[PDB]
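Asks: model the following, please.
(chains A and B)
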2 protein chains.
Amino acid sequence: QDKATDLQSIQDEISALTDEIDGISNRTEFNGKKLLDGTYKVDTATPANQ
Amino acid sequence: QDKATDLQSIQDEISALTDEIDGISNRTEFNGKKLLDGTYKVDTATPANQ
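Replies: Numbering: from 1, shown residues only, chains lettered A, B, ... in the order given. Pasting the structure now:
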(Lines give C-alpha, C1' and ligand atoms only; values in the text may rest on other atoms or scores of the structure.)
Protein backbone atom coordinates (compact mmCIF):
# COMPACT_ATOMS: atom_id res chain seq x y z
CA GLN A 1 0.00 0.00 0.00
CA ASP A 2 2.73 2.46 0.97
CA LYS A 3 6.34 3.10 0.12
CA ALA A 4 9.70 2.89 1.85
CA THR A 5 9.18 6.53 2.83
CA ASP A 6 6.05 5.63 4.77
CA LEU A 7 7.60 2.44 6.10
CA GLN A 8 10.44 4.72 7.19
CA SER A 9 7.96 6.87 9.09
CA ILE A 10 6.67 3.75 10.79
CA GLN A 11 10.30 2.94 11.57
CA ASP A 12 10.70 6.38 13.11
CA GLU A 13 7.87 5.65 15.52
CA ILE A 14 9.10 2.12 16.25
CA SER A 15 12.68 3.23 16.85
CA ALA A 16 11.38 5.86 19.24
CA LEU A 17 9.46 3.15 21.06
CA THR A 18 12.60 1.04 21.34
CA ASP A 19 14.49 3.99 22.77
CA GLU A 20 11.72 4.22 25.31
CA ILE A 21 12.09 0.55 26.19
CA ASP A 22 15.75 1.12 26.95
CA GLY A 23 14.65 4.25 28.78
CA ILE A 24 12.39 2.15 30.96
CA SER A 25 15.07 -0.45 31.52
CA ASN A 26 17.61 2.14 32.63
CA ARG A 27 15.57 4.88 34.31
CA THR A 28 13.51 2.37 36.31
CA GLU A 29 14.90 2.48 39.84
CA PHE A 30 13.50 1.57 43.24
CA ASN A 31 15.53 3.60 45.72
CA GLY A 32 18.16 3.75 43.00
CA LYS A 33 17.99 0.04 42.18
CA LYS A 34 18.18 -0.22 38.40
CA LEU A 35 16.69 -3.68 37.98
CA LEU A 36 15.51 -4.27 34.41
CA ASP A 37 19.09 -4.02 33.20
CA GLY A 38 20.91 -7.25 32.44
CA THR A 39 22.82 -7.11 35.74
CA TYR A 40 20.26 -9.48 37.25
CA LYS A 41 19.97 -11.85 34.32
CA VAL A 42 18.15 -15.04 35.20
CA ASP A 43 20.92 -17.52 34.43
CA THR A 44 24.26 -16.43 33.03
CA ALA A 45 26.58 -19.00 31.52
CA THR A 46 28.55 -18.54 34.74
CA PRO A 47 26.23 -18.99 37.77
CA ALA A 48 28.65 -16.85 39.79
CA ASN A 49 27.69 -13.80 37.70
CA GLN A 50 23.92 -14.13 38.01
CA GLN B 1 -16.84 3.20 -48.22
CA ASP B 2 -13.95 5.49 -47.32
CA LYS B 3 -10.31 5.89 -48.22
CA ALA B 4 -6.96 5.49 -46.51
CA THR B 5 -7.23 9.18 -45.60
CA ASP B 6 -10.40 8.52 -43.62
CA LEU B 7 -9.05 5.27 -42.23
CA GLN B 8 -6.06 7.38 -41.21
CA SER B 9 -8.38 9.73 -39.34
CA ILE B 10 -9.85 6.73 -37.56
CA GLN B 11 -6.28 5.71 -36.79
CA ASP B 12 -5.64 9.14 -35.33
CA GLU B 13 -8.49 8.64 -32.89
CA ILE B 14 -7.48 5.06 -32.09
CA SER B 15 -3.83 5.94 -31.54
CA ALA B 16 -4.94 8.70 -29.19
CA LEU B 17 -7.02 6.16 -27.30
CA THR B 18 -4.01 3.85 -27.00
CA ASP B 19 -1.92 6.71 -25.65
CA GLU B 20 -4.66 7.17 -23.10
CA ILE B 21 -4.51 3.50 -22.14
CA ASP B 22 -0.82 3.85 -21.42
CA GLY B 23 -1.69 7.08 -19.65
CA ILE B 24 -4.07 5.17 -17.40
CA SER B 25 -1.56 2.41 -16.81
CA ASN B 26 1.16 4.86 -15.78
CA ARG B 27 -0.69 7.76 -14.14
CA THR B 28 -2.88 5.43 -12.07
CA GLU B 29 -1.46 5.52 -8.56
CA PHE B 30 -2.89 4.77 -5.13
CA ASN B 31 -0.71 6.72 -2.71
CA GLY B 32 1.90 6.65 -5.45
CA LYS B 33 1.49 2.94 -6.19
CA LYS B 34 1.63 2.59 -9.96
CA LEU B 35 -0.09 -0.78 -10.30
CA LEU B 36 -1.33 -1.36 -13.85
CA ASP B 37 2.25 -1.37 -15.09
CA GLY B 38 3.84 -4.72 -15.79
CA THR B 39 5.79 -4.64 -12.52
CA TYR B 40 3.10 -6.81 -10.94
CA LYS B 41 2.63 -9.21 -13.81
CA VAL B 42 0.62 -12.26 -12.85
CA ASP B 43 3.22 -14.93 -13.59
CA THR B 44 6.61 -14.08 -15.03
CA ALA B 45 8.74 -16.83 -16.51
CA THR B 46 10.77 -16.44 -13.31
CA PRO B 47 8.45 -16.67 -10.27
CA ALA B 48 11.02 -14.65 -8.31
CA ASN B 49 10.24 -11.59 -10.45
CA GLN B 50 6.46 -11.67 -10.10
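
Asks: in chain A, which spans are strands?
Replies: A:29-30, A:33-34 (DSSP state E).

Asks: out of these, deepest packed?
Replies: Burial of the strands of chain A is given as mean neighbour count (mean count of other Cβ atoms under 10 Å in any protein chain shown); strand A:33-34 ranks first at a mean of 12. In this view, the C-beta of every residue, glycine as well, is placed from N, C-alpha and C.

Asks: got a list of contacts for that strand?
Replies: Here strand A:33-34 makes contact (Cβ atoms under 8 Å, 6 or more residues apart in numbering or on different chains) with A:26, A:28.

Asks: what's the neighbour count on the residue nearest to residue A:1 when sequence neighbours are not counted?
Replies: What sits nearest to residue A:1 in space, not counting adjacent residues and going by Cβ to Cβ, 6 or more residues apart in numbering or on different chains, is residue B:31, at 6.5 Å. Neighbourhood size, residue B:31 [other Cβ atoms under 10 Å in any protein chain shown]: 8.

Asks: go on, residue A:50?
Replies: 11.

Asks: tell me how far the nearest residue to it once chain neighbours are set aside lies from residue A:25.
Replies: Nearest non-adjacent residue to residue A:50, counting by Cβ to Cβ, 6+ apart: residue A:44, 5.2 Å away. Distance check for residue A:44 against residue A:25: by Cβ to Cβ, to the nearest Å, it reads 17 Å.

Asks: next one: residue A:32
Replies: For residue A:32, the distance to residue A:25 - Cβ to Cβ - is 15 Å.
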